[PDB]
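1. Just dropping in an experimental structure and the matching sequence.
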Amino acid sequence: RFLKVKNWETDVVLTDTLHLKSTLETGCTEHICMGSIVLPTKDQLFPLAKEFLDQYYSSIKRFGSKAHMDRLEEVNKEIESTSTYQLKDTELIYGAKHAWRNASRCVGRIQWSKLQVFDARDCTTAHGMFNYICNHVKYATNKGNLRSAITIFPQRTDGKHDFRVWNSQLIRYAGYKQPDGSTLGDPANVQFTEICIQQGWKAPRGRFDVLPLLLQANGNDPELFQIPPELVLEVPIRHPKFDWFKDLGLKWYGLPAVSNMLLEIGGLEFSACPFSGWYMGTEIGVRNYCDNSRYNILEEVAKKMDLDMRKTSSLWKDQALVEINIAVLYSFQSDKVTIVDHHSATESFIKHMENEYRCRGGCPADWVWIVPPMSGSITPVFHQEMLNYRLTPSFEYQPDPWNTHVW
Amino acid sequence: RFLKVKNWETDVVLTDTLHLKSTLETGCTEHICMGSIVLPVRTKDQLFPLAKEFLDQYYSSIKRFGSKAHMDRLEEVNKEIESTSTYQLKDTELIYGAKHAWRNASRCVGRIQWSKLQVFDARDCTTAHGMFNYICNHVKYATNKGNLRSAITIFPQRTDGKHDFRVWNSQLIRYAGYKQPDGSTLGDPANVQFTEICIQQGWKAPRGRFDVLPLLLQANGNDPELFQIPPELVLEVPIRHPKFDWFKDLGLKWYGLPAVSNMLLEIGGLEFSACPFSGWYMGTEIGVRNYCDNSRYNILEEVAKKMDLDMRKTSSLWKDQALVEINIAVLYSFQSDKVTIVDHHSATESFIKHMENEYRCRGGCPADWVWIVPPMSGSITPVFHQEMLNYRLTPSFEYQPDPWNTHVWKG
Ligand code: HEM
Ligand code: HEM
Ligand SMILES: Cc1cc(N)nc(C[C@H]2CNC[C@H]2OCCNCCc2cccc(F)c2)c1
Ligand SMILES: Cc1cc(N)nc(C[C@H]2CNC[C@H]2OCCNCCc2cccc(F)c2)c1
Ligand SMILES: C[C@H](O)[C@H](O)[C@H]1CNc2nc(N)[nH]c(=O)c2N1
Ligand SMILES: C[C@H](O)[C@H](O)[C@H]1CNc2nc(N)[nH]c(=O)c2N1
Ligand SMILES: [Zn+2]
């Protein structure tokens, strides 16, 4: 019922009680661990609403106060007659901040309480959505001094009137299959790129073409829009010691902004809730640049470093990985664009985890995702036992809209 | 019910049915994943079904399920359980048992090799000196002058839990750790407690950074006694770097034979509490963990110092730069001295081929991602991108409490 987590580098032991709150299911059983799987009515809504308002009023030190009870009845009455309900601004902000706080896969949660929340619940059209997104992008970008933000479109109703951003992130590079059999640009985005092409985008067909936004308001067919190029802060990638690195022609965007997740607060479902912070270096240098199924540049870089690629045991992939990552961090720093290295990020998360254990009685954490994709064991999170469980408010994955949406 | 796992690099999707044979529990529930927690006298009653399951598996694999020899063996085991409270494994069942415990070890990346395991039957052993002799033979056989061979030696099973055979060392070969009065540690800080115990048992400690510990060996529930492994039996590799000539002056070395001696081997309900086993190293175990963990030799600072890296900001990735160089040095040193070692690229590619093979021929391969993914360069190894299902099959190796915590001292 109570559970201990040990850090095997420091011997520091923490006791978790927060897990006894969790309701949603992990995918694991007593018989099987699914820890490494990427994806494992009116009557439904009121317990959900109640459970959320209870944690809200307890957080503002007013649990069981008349103002608490009154709000419970007003929501109960609104559900009974409207089959849904509306969140107060204060509840919206709290819900969003807590969905981030509860994101067990996110290493950057030390920052959870400083999230700028933009309420776009009054939005009605895709042109409206575009305006809100551009304002979000400009606000978060802040000329390189990045700030966390989320923008929240109207909640689901009958599920036939969904707001969706079809893009997976607000800013991403296009992907084309070429006659060659090779891929130009980002292979992750090939399918979405074609969907933009069949919707009518003129594609420049380069390595680093910023995709257009494809915006669905109120269940209607989605619409193309190009983000003013002047709102998209990008960094050219160079190396502090290797002069040849510039000729690889590498660039990345400053703003990571996930736009395909669903935000659930008090049983209400916000299907379009783009949010953004800033990069940890490895996301770009390890995953985007080096995954065999992404830009996959390890082979090209190793060649320029004149390393022995004859045998895997020369650790040439590993040498090139480090240098690719040094260059990402150097480039973002030199251009004054916020970025965090994996040493700094994981050390912060350990500090945050200790805060959450003393202040909240726990911190749900998914070790498979929190440990960086390079140098795992020289980061302190490697040695940290973590407990993974699902709390609400939360961000969840949802089906790609094109599989779903009817034209 | 069939369970699917997907490789996110290749889109290969595999179907697991083997998890259906899984008996033991994971630590996890529908409400909590304990996937990163390091650790989350049997009676006649419980013993017969365990013996029966095991023998059903054995007889299946040799294609004799339901045979008169299968039925006769069940009845003979049954009769022996009721009459004596335990039973004895045939040699063939012991071999099969030991190979399967390795096959089932979900935290082990080296399993492609599971079927080539030299089993030494030491169930006729009775004394600590007998144990020492069996262990020297294992070490010489396994070492094979650098062309390492996988092996396990199996001492007598638990009886009443008062007569246990235990190897008190956690590996057959490991270096002492000495905690100094100024709070520094000389040698391997992981072995401080055990070293203290050796010392108190009368070991005279050289007190260097690389003193090979003595063996502390318990037979038949008796008090353990000290033995020194003959030095000529302990193959060691001095560590140098192919390009950096100052690397050798760090004074590093490591032993070639990794030989886990503190686990419990369970087969058909029987408990083998001393069953040391050994293979060969994957380079990262030494280069990443043993050398670079902050709680271990911790040489990152001193290495990066000698590499003249920028150390005033973590964002120069100086730690990462030094880590790779150390790992290069380890592999180079082993290869140069013709001592078997495997790099993490090669080992993980092998594991993936093993795992796909196992799904096809066996209907699954239990695997613990937290453990299989190497402690450096995770995502450029194909395992990182592999979904895995973790569950407990028997035969199995299990953790057991350190014997100094449980042992009843006789005097
Ligand atoms: C501010 C600096 C931040 C950093 C350094 C950061 C870091 C990360 C990283 C490295 C991941 C792993 C994702 C992957 O590898 O694909 C992640 C996941 C995630 N983060 Fe953050 N984060 C930040 C801000 C935010 C904010 C503002 C939110 C929401 C308000 C958020 C919510 C999430 C969620 C929901 C996931 C899981 C995505 C998934 O399951 O695929 N993060 N975070
Ligand atoms: C042939 C060469 C082998 C290689 C390269 C190899 C590789 C490894 C590695 C890297 C680990 C993780 C250890 C750690 O980081 O703490 C491990 C764990 C393990 N291996 Fe192997 N292995 C080999 C052979 C064997 C053999 C012969 C056995 C026994 C028959 C064995 C059984 C195990 C077990 C039971 C674990 C789990 C240890 C634990 O939970 O602490 N392996 N293997
Ligand atoms: C807000 C924020 C800040 C930050 N630094 N980093 C992030 C994660 C972003 C960026 N870097 C990856 C992306 O993570 C979000 C995408 N999650 C992948 C899960 C997935 C499941 C199934 C199929 C797939 F192809 C992918 C968010
Ligand atoms: C047979 C074989 C071959 C090989 N290459 N590698 C191995 C694992 C060895 C080597 N390198 C580490 C050790 O693994 C065995 C010890 N396992 C640690 C688990 C643990 C539990 C509780 C507390 C702890 F601090 C640690 C075995
Ligand atoms: C199969 C495995 O679960 C998958 O590759 C995961 C592993 N850990 C991860 N960790 C992070 N931060 N991001 C990812 O995309 C993944 N992928
Ligand atoms: C807390 C965490 O599970 C622990 O540090 C584990 C992580 N993965 C590991 N993986 C291997 N192979 N060996 C280890 O010792 C560990 N340590
Ligand atoms: Zn689990």
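-> Everything's here; your move. Numbering: from 1, shown residues only, chains lettered A, B, ... in the order given. Ligands and ions are numbered 1, 2, ... in the order given.

2. quick one, strands of the stretch 101-250 of chain A?
-> Using DSSP state E, counting those that start in this stretch, the strands of the stretch 101-250 of chain A run over A:116-119, A:149-152, A:164-165, A:175-177, A:183-185, A:213-216, A:223-225, A:234-236.

3. ok, the first one near ligand 3 or not?
-> Pointing back at strand A:116-119 there. No: using Cβ under 6 Å from any ligand atom, strand A:116-119 stays clear of ligand 3, coming no nearer than 12.7 Å. C-beta: built from backbone N, CA, C; applies to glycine.

4. The shortest one too?
-> No: counting by Cβ under 6 Å from any ligand atom, ligand 3 is not contacted by strand A:164-165; separation bottoms out at 13.1 Å.

5. With mean neighbour count and distance to residue B:219 added, can I get the strands of the stretch 101-250 of chain A in CSV?
-> Output for those, formatted as CSV (neighbours: other Cβ atoms under 10 Å in any protein chain shown; distance: least, Cβ to Cβ, whole Å):
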stretch, mean neighbour count, distance to residue B:219
strand A:116-119, 17, 68
strand A:149-152, 26, 65
strand A:164-165, 26, 69
strand A:175-177, 18, 65
strand A:183-185, 19, 64
strand A:213-216, 24, 73
strand A:223-225, 18, 78
strand A:234-236, 17, 66
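
6. between those, which gets nearest to ligand 4?
-> strand A:183-185 (37.5 Å; Cβ to the nearest ligand atom).

7. hmm, the closest one touching chain B?
-> No: residues of strand A:183-185 contacting chain B under Cβ under 8 Å from any Cβ of the partner chain: none, with a closest distance of 14.1 Å.

8. where do the helices sit along chain A?
-> In order along the chain, chain A carries the following helices (DSSP state H): A:42-59, A:66-82, A:89-101, A:126-141, A:190-199, A:281-282, A:289-290, A:298-304, A:316-334, A:342-360, A:367-370, A:401-404.

9. wait, residue A:29 sits on residue B:27?
-> No: between residue A:29 and residue B:27 there is no contact under Cβ atoms under 8 Å: 10.9 Å.

10. Please name the bridge partners of the spatially most central residue of chain A.
-> Centroid-nearest residue in chain A: residue A:258, 4.7 Å away (criterion: Cα atoms, centre = their mean). Under DSSP bridges, the beta-bridge partners of residue A:258 are residue A:169, residue A:275.

11. My guess is it contacts residue A:169. True?
-> Yes: if you go by Cβ under 8 Å, residue A:258 and residue A:169 touch, sitting 5.7 Å apart.

12. can you tell me which residues contact residue A:19?
-> Contact partners of residue A:19, counting by Cβ atoms under 8 Å, 6 or more residues apart in numbering or on different chains, are A:3, A:362, A:364, A:387, A:389, B:31, B:32.

13. The residue lying closest to it once chain neighbours are set aside: neighbouring residues, count only.
-> Nearest residue to residue A:19, sequence neighbours excluded (Cβ to Cβ, 6 or more residues apart in numbering or on different chains): residue A:389, at 4.8 Å. With neighbours defined by other Cβ atoms under 10 Å in any protein chain shown, the count for residue A:389 comes to 25.

14. Please apply the same query to residue A:401.
-> 18.

15. Contacts only, for it.
-> Contacts of residue A:401 (Cβ under 8 Å, 6+ apart): A:162, A:164, A:166, A:216, A:222.

16. mind redoing it with 10 Å?
-> Each residue near residue A:401 by Cβ atoms under 10 Å, 6 or more residues apart in numbering or on different chains is listed here: A:162, A:164, A:165, A:166, A:195, A:214, A:216, A:222, A:260, A:271, A:272.

17. got it, and residue A:302?
-> Neighbours of residue A:302 in contact, by Cβ under 10 Å, 6+ apart: A:308, A:309, A:314, A:316, A:317, A:318, A:319, A:320, A:321, A:323, A:324.

18. Roughly how far does the third one sit from ligand 1?
-> Looking back up the chat, that one is residue A:314. Distance of residue A:314 to ligand 1, computed by Cβ to the nearest ligand atom, to the nearest Å: 28 Å.

19. Surely that residue is in contact with residue A:307?
-> Yes: the pair residue A:314 and residue A:307 qualifies as a contact (Cβ atoms under 10 Å) at a distance of 6.6 Å.

20. got the contact list for residue A:337?
-> Residue A:337 sits in contact with A:141, A:143-146, A:233-235, A:252-255, A:278-279, A:331, where contact means Cβ under 10 Å, 6+ apart.

21. same deal with residue A:382?
-> Here residue A:382 is in contact with A:7-9, A:346, A:367, A:370-372, A:375-376, B:36, B:288-289, B:293, B:370, B:375, B:378 (criterion: Cβ under 10 Å, 6+ apart).

22. Can you tell me which of the helices of chain A is most buried?
-> Comparing the helices of chain A by mean neighbour count (mean count of other Cβ atoms under 10 Å in any protein chain shown), helix A:281-282 ranks first with a mean of 28.

23. wait, does it contact ligand 1?
-> No: Helix A:281-282 is not in contact with ligand 1 by Cβ under 6 Å from any ligand atom; minimum separation 7.4 Å.

24. Mind listing residues that contact that helix?
-> A:288-290, A:321, A:324-333, A:339-345, A:372-375, A:379, B:315, B:317, B:378-379.

25. ok, now with 6 Å
-> A:325, A:328, A:329, A:339, A:341, A:342, A:372, A:373, A:374 (Cβ atoms under 6 Å, 6 or more residues apart in numbering or on different chains).
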